[PDB]
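The structure appears right after this line, and notes come after that.
There are 4 protein chains.
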Amino acid sequence: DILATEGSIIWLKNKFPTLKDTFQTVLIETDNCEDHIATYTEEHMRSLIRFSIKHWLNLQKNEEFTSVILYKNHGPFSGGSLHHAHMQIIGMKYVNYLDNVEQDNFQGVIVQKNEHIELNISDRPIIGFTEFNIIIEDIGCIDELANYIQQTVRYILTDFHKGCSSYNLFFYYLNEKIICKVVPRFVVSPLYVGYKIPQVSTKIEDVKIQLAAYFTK
Amino acid sequence: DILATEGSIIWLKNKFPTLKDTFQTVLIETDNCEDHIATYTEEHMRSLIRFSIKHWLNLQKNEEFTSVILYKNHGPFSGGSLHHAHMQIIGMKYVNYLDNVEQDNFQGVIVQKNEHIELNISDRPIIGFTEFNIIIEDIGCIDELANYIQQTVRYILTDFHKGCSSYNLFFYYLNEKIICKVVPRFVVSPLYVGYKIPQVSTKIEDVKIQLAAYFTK
Amino acid sequence: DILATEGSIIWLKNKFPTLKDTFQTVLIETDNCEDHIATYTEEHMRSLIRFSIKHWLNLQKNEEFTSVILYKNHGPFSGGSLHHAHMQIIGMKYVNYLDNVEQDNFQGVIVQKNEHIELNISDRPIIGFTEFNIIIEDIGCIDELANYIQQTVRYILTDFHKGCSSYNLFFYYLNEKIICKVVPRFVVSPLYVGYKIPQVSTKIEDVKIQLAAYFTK
Amino acid sequence: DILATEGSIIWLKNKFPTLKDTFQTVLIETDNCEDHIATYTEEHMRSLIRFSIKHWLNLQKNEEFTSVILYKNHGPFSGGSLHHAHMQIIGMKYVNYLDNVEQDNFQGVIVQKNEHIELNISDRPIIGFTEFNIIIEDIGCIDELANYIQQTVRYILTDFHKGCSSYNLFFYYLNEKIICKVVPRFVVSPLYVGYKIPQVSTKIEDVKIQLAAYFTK
Ligand code: NA
Ligand code: NA
Ligand code: NA
Ligand code: NA
Ligand SMILES: [Zn+2]
Ligand SMILES: [Zn+2]
Ligand SMILES: [Zn+2]
Ligand SMILES: [Zn+2]
Numbered sequence: 037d038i039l040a041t042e043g044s045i046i047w048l049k050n051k052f053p054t055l056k057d058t059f060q061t062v063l064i065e066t067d068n069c070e071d072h073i074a075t076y077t078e079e080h081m082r083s084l085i086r087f088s089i090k091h092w093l094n095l096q097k098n099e100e101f102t103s104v105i106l107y108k109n110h111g112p113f114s115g116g117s118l119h120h121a122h123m124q125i126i127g128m129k130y131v132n133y134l135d136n137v138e139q140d141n142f143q144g145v146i147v148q149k150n151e152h153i154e155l156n157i158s159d160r161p162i163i164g165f166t167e168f169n170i171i172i173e174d175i176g177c178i179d180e181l182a183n184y185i186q187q188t189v190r191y192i193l194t195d196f197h198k199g200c201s202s203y204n205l206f207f208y209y210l211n212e213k214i215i216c217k218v219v220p221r222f223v224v225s226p227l228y229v230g231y232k233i234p235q236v237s238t239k240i241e242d243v244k245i246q247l248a249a250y251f252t253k
Numbered sequence: 037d038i039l040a041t042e043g044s045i046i047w048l049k050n051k052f053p054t055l056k057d058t059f060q061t062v063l064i065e066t067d068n069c070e071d072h073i074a075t076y077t078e079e080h081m082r083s084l085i086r087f088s089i090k091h092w093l094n095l096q097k098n099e100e101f102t103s104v105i106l107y108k109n110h111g112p113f114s115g116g117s118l119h120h121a122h123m124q125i126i127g128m129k130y131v132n133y134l135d136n137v138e139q140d141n142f143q144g145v146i147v148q149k150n151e152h153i154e155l156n157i158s159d160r161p162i163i164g165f166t167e168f169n170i171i172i173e174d175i176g177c178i179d180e181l182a183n184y185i186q187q188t189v190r191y192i193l194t195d196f197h198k199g200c201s202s203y204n205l206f207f208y209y210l211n212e213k214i215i216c217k218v219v220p221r222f223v224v225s226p227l228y229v230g231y232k233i234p235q236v237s238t239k240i241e242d243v244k245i246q247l248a249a250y251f252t253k
Numbered sequence: 037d038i039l040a041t042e043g044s045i046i047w048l049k050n051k052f053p054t055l056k057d058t059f060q061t062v063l064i065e066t067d068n069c070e071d072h073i074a075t076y077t078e079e080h081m082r083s084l085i086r087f088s089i090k091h092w093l094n095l096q097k098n099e100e101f102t103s104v105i106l107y108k109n110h111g112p113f114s115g116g117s118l119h120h121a122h123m124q125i126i127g128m129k130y131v132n133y134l135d136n137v138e139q140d141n142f143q144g145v146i147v148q149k150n151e152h153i154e155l156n157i158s159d160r161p162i163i164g165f166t167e168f169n170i171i172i173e174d175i176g177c178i179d180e181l182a183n184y185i186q187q188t189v190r191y192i193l194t195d196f197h198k199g200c201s202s203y204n205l206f207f208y209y210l211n212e213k214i215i216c217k218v219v220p221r222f223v224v225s226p227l228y229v230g231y232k233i234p235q236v237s238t239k240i241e242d243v244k245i246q247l248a249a250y251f252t253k
Numbered sequence: 037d038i039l040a041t042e043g044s045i046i047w048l049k050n051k052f053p054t055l056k057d058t059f060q061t062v063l064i065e066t067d068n069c070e071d072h073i074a075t076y077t078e079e080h081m082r083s084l085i086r087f088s089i090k091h092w093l094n095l096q097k098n099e100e101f102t103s104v105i106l107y108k109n110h111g112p113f114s115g116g117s118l119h120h121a122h123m124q125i126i127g128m129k130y131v132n133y134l135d136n137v138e139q140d141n142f143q144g145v146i147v148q149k150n151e152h153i154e155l156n157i158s159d160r161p162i163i164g165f166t167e168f169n170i171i172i173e174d175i176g177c178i179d180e181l182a183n184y185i186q187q188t189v190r191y192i193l194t195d196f197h198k199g200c201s202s203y204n205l206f207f208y209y210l211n212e213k214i215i216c217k218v219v220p221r222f223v224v225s226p227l228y229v230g231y232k233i234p235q236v237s238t239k240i241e242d243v244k245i246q247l248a249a250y251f252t253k
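Chains as they are written, first to last, in full-length UniProt numbering: chain A, 37 to 253; chain B, 37 to 253; chain C, 37 to 253; chain D, 37 to 253.
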């Protein structure tokens, strides 16, 4: 059942609901099974983030929900399902998604920052690994957000851990700001899990330097 | 190249070394590709842990190594490689595996405890999720350790998260004690990663109760 | 300026406000400078918690506040000011005190539990040390809460670290439950701060056993 | 009982031992009760750190100790005792002070860095608050370490939290490096302890900027 569409962007009511007291929906990003965020043109990436944010924020205005979640799963280690490039909008009747997240989960080491947008790496992440926070203070900076998401995603798929293949996008409307948390997803090394013996560098300053090389142009 | 064998238990020098200044070895647990820890007889489970611990502790006595690691990977989310049931012994020339682990990573909520052995759940885990610590104070309690590993593994594969399919074993020789940390491995739910919205119960007391039901006999 | 009184219990508008966009108040617990929670009779402890909770919850109903905080400071390491036995009620126009606290900060190792009340020790504390959570699901169990606070306070001042002298009380209205978090306050040992070398036992199970000895009667 | 002296620098065997299987000593920094690290001349600060490090590292060479700790307590919230400006050297027969500290407790956000020395703020602190790590890779850079300690201390006593009055110094000999962890000590705000409502900025990037202003000359 079609909720809204814009070209190849399609917003569907999820046919397989698994969460009680929730309105589950799926957002198809393209009519092609090859393309994703790293491949999309600047216009398609701009239109996709504008469509997603608009329908997320307008559904929250519906008094039948306490809060509405907007998020993405990509790769076999994100927790997704469909092979097609898609996002999800879940309206929740009794759950407030901000409840168990704090302000300091979105603060950190600045990679890029100006009056319009801020890109940082969490020094107090939600789960304890790498989390990239992209914050805008005005809705008019949505095209800047879309560009920062695309570059951070491109970095995760290409240079972070010499290619990571899986990630998540999480959106938040907190303190009148729109935040996108970009989270790489990977099977952690057994030597790190049991003995905190890293293979690569665990330095947040090294991630900062190599991610900053994606905003040099 | 064969290092030691005992029936179907085979200790091999790893033919694909990927870590410099380390002696990598593989320990094949059975001559069958169907059996694993949850399936093995009490005798085979006893013989496998006795063989593994003996060769781990004797290799550390070799002055060419600072420390020697004994660990296992099981399932597609552990970080392993071979489909066959195997463990690994890695001799490290300049690394001490205890360096970045602390005493409190092995303390916790007691599930089972007596003069010979202790089974607990980490209240200060190494990575931040569920970690089962099995501690013995004397080498003579090795058959008790083997039984506790098998039951904890059986619980992880059967009831924890209604079946977990993947886990890790990590062995430590700390404060003159032999510790086995049993760690379930699973792709964390996206709603938990980004919003700490759990699907199941996150209560350590609930895990304690349902794991204790495996030691009722 | 008197807001409400009940015998020696006096609710005053704080004459020294230091927080902008907040209504600061002070709650004097007794007309004596010798008595405190550990000394008070069962009736005075019951009347003090009933008065405090009632005025805290009724002030939150005032549309001029986003949230209202109810808390106590005791001893020279709590962050208090007056030597007299007092509590504080702070009405906040734009701050929601639940924002940066999560559900798991109130879960833990059960010390005492029944259908009416639950006493636990945080396995995921807010700050990282010992935190005692006393939870009631119905307002009618307020006299049970008052008794559990008094015993937990008595334990902190007497046996925890062989006498702790300082603590905090924090009240929360979360998921239709009334929670009191009892937090001991002490200058942490320098050997622990810099090297995690403890003087006493850091085991949550040992605190559980010795606190349970205060509910044996 | 005098162990070593250099002008007003006096190394004494602690007359009040309270730790069994340890050799406790006290290091008096000056013959005056007014002076401390922030006041000392560049020469006295250089001579004090050279004397302290030399006697710390030489005592560890004594086979009667597993490890030797070098640390300082300053102010009423550090955990010290004497009002006089002093440090402590504790030889421990069976304890290795590195056991429960990891490599990542000394990594972080770089404030100052060159080939000789590195000053950072912990992104993974030992206790969870602000920790300043000063690392040198060669013993010849000891006068640079002494200057960085003095400036970081001066900042803590003057601008951090508009004056902090208390701090700790912790020294470590790890991975053939000499590390000094400078830790401010203060009574945490009750609104932060119970509700993570900060009074000041909790941003590591703000501390980085204002501490960097002490190395502008
Ligand atoms: Na909350
Ligand atoms: Na260590
Ligand atoms: Na929140
Ligand atoms: Na260790
Ligand atoms: Zn803009
Ligand atoms: Zn035994
Ligand atoms: Zn009741
Ligand atoms: Zn130098």
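Ideal Cβ positions, reconstructed from N, Cα and C, are used throughout, including at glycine.
I want to check one thing, is the minimum distance from the CB of residue i to the heavy atoms of ligand 8 below 8 angstroms?
| i | result |
| --- | --- |
| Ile172 of chain D | yes |
| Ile153 of chain D | yes |
| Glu180 of chain D | yes |
Please list, in chain order, the chain C residues whose beta carbon lies closer than 8 angstroms to that of residue i.
| i | result |
| --- | --- |
| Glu167 of chain A | None at all; the shortest Cβ gap to chain C is about 16 angstroms. |
| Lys217 of chain D | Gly230 |
| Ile170 of chain D | Under the 8 angstroms cutoff, chain C gives no residues; its nearest Cβ is about 14 angstroms from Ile170 of chain D. |
Report the neighbours of residue i on chain B: residues whose CB is nearer than 7 angstroms to its CB, in chain order.
| i | result |
| --- | --- |
| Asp37 of chain D | What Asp37 of chain D touches in chain B: nothing, since even the nearest Cβ is about 33 angstroms away. |
If you draw a straight line from the C-alpha of residue i to the C-alpha of residue j, how long is it?
| i | j | result |
| --- | --- | --- |
| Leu55 of chain A | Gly176 of chain A | 34 angstroms |
| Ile73 of chain C | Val137 of chain C | 26 angstroms |
| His91 of chain B | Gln246 of chain B | 34 angstroms |
| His120 of chain A | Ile64 of chain A | 8 angstroms |
| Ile214 of chain C | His152 of chain C | 11 angstroms |
| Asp37 of chain C | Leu84 of chain C | 19 angstroms |
| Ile178 of chain D | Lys149 of chain D | 15 angstroms |
| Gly111 of chain B | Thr75 of chain B | 15 angstroms |
| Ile240 of chain D | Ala40 of chain D | 40 angstroms |
| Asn141 of chain C | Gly164 of chain C | 10 angstroms |
| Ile105 of chain A | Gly116 of chain A | 15 angstroms |
| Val219 of chain B | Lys49 of chain B | 26 angstroms |
Which residues of chain A have a Cβ atom closer than 9 angstroms to the Cβ of residue i, listed in chain order?
| i | result |
| --- | --- |
| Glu138 of chain C | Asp135, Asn136, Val137, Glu138 |
Which residues in chain B have a C-beta closer than 9 angstroms to the C-beta of residue i? List them in chain order.
| i | result |
| --- | --- |
| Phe206 of chain A | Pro226, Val229, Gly230, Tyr231 |
Under 8 angstroms: does the beta carbon of residue i sit that close to some heavy atom of ligand 5?
| i | result |
| --- | --- |
| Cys177 of chain A | yes |
Taking 8 angstroms as the line, does the beta carbon of residue i fall inside it for any heavy atom of ligand 1?
| i | result |
| --- | --- |
| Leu205 of chain B | no |
What do you reckon, is the C-beta of residue i under 8 angstroms from a heavy atom of ligand 4?
| i | result |
| --- | --- |
| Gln139 of chain B | yes |
| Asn136 of chain B | yes |
Going along chain B in order, which residues have a C-beta closer than 8 angstroms to the C-beta of residue i?
| i | result |
| --- | --- |
| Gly164 of chain A | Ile163, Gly164 |
| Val131 of chain A | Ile233 |
For residue i, which residues in chain A fall below 7 angstroms Cβ to Cβ?
| i | result |
| --- | --- |
| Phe113 of chain B | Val223 |
Using a Cβ cut-off of 9 angstroms, pull out every chain C residue sitting near residue i, in sequence order please.
| i | result |
| --- | --- |
| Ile146 of chain B | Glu241 |
| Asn109 of chain D | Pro226 |
Along chain D, in chain order, which residues have C-beta atoms closer than 7 angstroms to that of residue i?
| i | result |
| --- | --- |
| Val62 of chain C | Within chain D, no residue comes near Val62 of chain C; the closest Cβ sits about 14 angstroms away, beyond 7 angstroms. |
Fill in: Residues of the stretch 236-251 of chain A with Cβ closer than 8 angstroms to any Cβ of chain D, in chain order
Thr238, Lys239, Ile240, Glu241
Discussion item. Restricting to runs no shorter than 3 residues, where is the beta strand (DSSP E) found entirely within the stretch 168-192 of chain B?
Written reply: 168-172
Worksheet entry | Segments assigned beta strand (DSSP E), at least 3 residues, entirely inside the stretch 76-115 of chain D | 103-110
Fill in: Residues of the stretch 92-104 of chain D with Cβ closer than 7 angstroms to any Cβ of chain A, in chain order
Considering only beta carbons, no part of the stretch 92-104 of chain D lies closer than 7 angstroms to chain A.
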